[PDB]
Structures are given as C-alpha cells and as structure tokens.
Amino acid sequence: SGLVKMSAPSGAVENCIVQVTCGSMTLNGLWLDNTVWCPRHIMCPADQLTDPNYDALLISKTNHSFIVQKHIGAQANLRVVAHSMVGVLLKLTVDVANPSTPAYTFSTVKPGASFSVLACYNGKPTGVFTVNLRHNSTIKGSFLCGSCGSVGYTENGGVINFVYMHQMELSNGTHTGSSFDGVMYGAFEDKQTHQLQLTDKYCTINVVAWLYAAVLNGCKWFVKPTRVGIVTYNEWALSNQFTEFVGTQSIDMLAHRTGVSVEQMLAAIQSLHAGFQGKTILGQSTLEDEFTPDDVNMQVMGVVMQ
C-alpha cells in the first residue's frame, strides 16, 4: 500500500539523450534511430532570444553547423547528414542509427494526463519526476536554465511513449514544451515575451481517483450516503473551477472494488472543496488532482474475484 508520485524507469530514455551544439549554443537532444530532436532556439544566440525569426535563421544553417555528441554510456560521434524544422523543434538526420533505440511512438497528452520527465543538463540525465498537463496546458515542473530538450514520456506494454520536449519557463514553477510534432503545449511561442497563461482548474476525475485511493488505504470519513448526480456535479463545476466529470472504465473498476459510487465521490468533492473541516486525506488538507485513474490503479493493483 501507499500512494506516491511515481515515475516510469528512465533507463531506456537515458540511452537516447545527446548534446546538440550550434555555434555558442548547446542543448539536450533526443536520439532515436537516425534522428535527433532538439528545440529550434538552438539556432538563436545570446542576441535575439527575445523575439527572433527562425525562418531566416534556418536557411542560414548547414548540416555542418550542427554537431551532435553523446556523453554517456556508448560514446559518439554522429554526423548530421540532413536538417529540418518541425514547429518549434529542429529535426536532424544522422549517419548512425542509435543502437539503443527502444520500441516507441510519439503522442500528445491531453490536459489531466500525467507523464514522467527525465530532466537533463549538458546532455547528462540529472533527475526523474512526474508531472501532469494542467487544464491550461502547462506543467508544474522543476527546471533550470540549461534544461531545455529534457524529455517527458510514459511507458506501457513495452512501448515508450514520447510526449514532451521541454522548451521554457512561463512564470514561477510553470513550464511548457512541445510534443514531437513540434506543437507547443498551450500554443505558447518560443520567444521571450510576455505570454499569458489561462486560468487552470482542478481535474475532477483525478480527484475522484485520489479519493478512491484514500478509501483503499483506510481513509473513508468523507464518504456519506450523500450523492450528487453527474449532470448536477457538472453544472457546479463550471462555476467552481473544476473540469467536467466524464465516466471511464478505470474509475468504474475503483467504484466496484470499493463499493463506493461515483456520485458519492462527487458529493465528497463538493463538501471537501468547502473545507476539510480540520481533517486530512492521505496527509493532505487540500484536494490532490495529479494522480490519474490509471496511476491509482497501478499502485492499488489487485486480484479481482469474479
């Protein structure tokens, strides 16, 4: 038992981190098969990081103005034999295919989804932690200057899912980056201007998952015969900065395991948001909305009598 922010083992991602240099600039990159991915402001120097134009900066470059080095494990080497710009990423083709490429895919997480981040500095993996895409499509990470190109991922059934490359800090403890199609989460632009982030909401279905985790771990005082129907819950949510609740198989597995109905949980969320009345749920006195139903199921994984 217990519930902690848990990350996927970073081993398979570590073997793919490289360093990418362009002029005075050096960032982290991701080496998969014959391709190296890194943020495109690699081409921007000390000068124009404010409000540059990348289109001009790109044609200015050649397959040689990029050098790629691997500074961990099996060393490298690596010759850029082609280069392109995909959104806010730069896509490099290299002569050698990464021998340690894991089975993988690219996808884009939706708000409320969690993933693991391998934080990197100077091409060295430095830390692992879990975040989730907030309702305003930012993450609340821990990054410092030099950490761009750091890699967000999940792992499911042998497949590494690469979903995030770190780009920037929007404000205190608030970060964003892009998926590997080079779309920036939240549509922020990669220039150093004031860009405002939208409001952000508690993710209801994650709060519900959390409450089910509590119950399974012996905390159940917030559970009453009181119920709020989904449609009613959802009307209240639109005025109280909560996301709308939509049912899922994963939540229904938890309702079934605990014998506590979803609509009891939504009522609990209404009460608790008004105040924990000086009590605690798994140590917290505020609502935790960053464990997903899948995250909860993986840590309260059990045998089911059928």
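Just count from 1 along the sequence shown to find any residue number.
Trainee: Comparing average C-alpha B factors as deposited, tell me which of 165-173 and 69-77 sits higher.
Mentor: Per the PDB entry, the higher value belongs to 69-77.
Trainee: Please work out which of 21-29 and 285-293 has the higher mean CA B-factor as recorded in the PDB entry.
Mentor: Going by the record's values, the stretch with the higher mean is 21-29.
Trainee: Just to confirm, going by the entry's C-alpha B-factors, which of 110, 140, 124, 220 comes out highest?
Mentor: Within the set 110, 140, 124, 220, 220 shows the top C-alpha B-factor.
Trainee: Out of 46, 267, 38, 253, whose C-alpha atom has the biggest B factor in the entry?
Mentor: That would be 46, according to the entry.
Trainee: Using the B-factors in the PDB entry, rank residue 261's C-alpha atom against the chain and give the third, lowest, middle or highest.
Mentor: According to the entry, residue 261 has a C-alpha B-factor in the chain's lowest third.
Trainee: Please rank the C-alpha B-factors of the chain's modelled residues and tell me whether residue 7 sits in the lowest, middle or highest third.
Mentor: Residue 7: CA B-factor falls in the lowest third of its chain.
Trainee: Split the chain's modelled residues into thirds by Cα B-factor; is residue 246 in the lowest, middle or highest one?
Mentor: Residue 246: CA B-factor falls in the lowest third of its chain.
Trainee: Split into thirds by Cα B-factor across the chain's modelled residues, where does residue 194 land: lowest, middle or highest?
Mentor: Its C-alpha B-factor, which the entry lists for residue 194, ranks in the highest third among residues of this chain.
Trainee: Considering every modelled residue of the chain and its Cα B-factor in the PDB entry, is residue 135 in the lowest, middle or highest third?
Mentor: Residue 135: CA B-factor falls in the middle third of its chain.
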